[PDB]
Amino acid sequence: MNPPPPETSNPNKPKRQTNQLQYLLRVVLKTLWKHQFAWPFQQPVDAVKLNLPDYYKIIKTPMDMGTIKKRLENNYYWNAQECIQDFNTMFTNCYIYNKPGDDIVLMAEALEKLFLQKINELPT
């Protein structure tokens, strides 16, 4: 079945709220959330509902925009680079599990190119 989702709070992890992390929630995430290809990434992969029983045998660092959202809302991150790593992990997983030109990869590559032009400039 499905593994536990990644943690969205951790009381012994130091937390911070920088200007660039506010921008990742308020601006970067909340617009990517609205893209037409955003739905498969708005929650952890449900390997049971999707009949992908091999997903979590291949992917061992799962990540998804729904986890990132709760992490941003809970001030989980020390800095913006930690949150950007989570985004890249989400995109990289999708390219590892699937193959060039799959419908899901096209969705991810569309989000990823949008993600890059949106983080091109972060606040100060």
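The first residue of the sequence shown is number 1, and the count goes up from there.
The stretch 25-33 shows the higher mean C-alpha B-factor when 78-86 is compared against 25-33 in the entry. Residue 70: CA B factor in the middle third of modelled residues in this chain (values from the PDB entry). Among the modelled residues of its chain, residue 57 has a C-alpha B-factor that falls in the lowest third according to the deposited record. Annotation for residue 117: CA B-factor lies in the highest third of the chain's modelled residues. Per the deposited record, the Cα B-factor of residue 2 falls in the middle third when ranked against the other modelled residues of its chain.
When the modelled residues of the chain are ordered by C-alpha B-factor, residue 48 sits in the highest third.
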